[PDB]
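S.K.: Experimental structure and sequence below.
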Amino acid sequence: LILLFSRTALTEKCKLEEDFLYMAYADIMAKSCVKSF
């Protein structure tokens with residue numbers, strides 16, 4: 001999946017699109033990230 005996104009980003013296009021797949025899986029990958037010590 002990440003290789004797909006890197007492929008699409010490296011692809012010469014002169015304009016970044018929306019790519020609604022990216023703006024869901026990126027949110028998913030971001031939201032996966034005396035004893036108090």
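M.R.: Looks like it arrived, so ask away. Numbers count the residues shown, from 1 in each chain.
S.K.: tell me the secondary structure for the residue nearest in space to the middle of the chain?
M.R.: Against the mean C-alpha coordinate of the chain, by C-alpha atoms, centre = their mean, the closest residue is residue 26 at 3.6 Å. Following DSSP: H, G, I helix; E, B strand; the rest coil, residue 26 is assigned to helix.
S.K.: Now do the same contact list for it.
M.R.: The contact partners of residue 26, taken as C-beta atoms under 8 Å, 6 or more residues apart in numbering, number zero. All C-beta spots, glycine's among them, are computed from the backbone N, C-alpha and C.
S.K.: Report the separation between it and residue 9.
M.R.: Distance, residue 26 to residue 9, by C-beta to C-beta, to the nearest Å: 12 Å.
S.K.: shared neighbours of those two, anything?
M.R.: Common neighbours of residue 26 and residue 9, counting by C-beta under 8 Å, 6+ apart, are absent.
S.K.: Could I get the full set of helices for the protein?
M.R.: Under the criterion DSSP state H, the chain contains helices at 2-10, 22-30.
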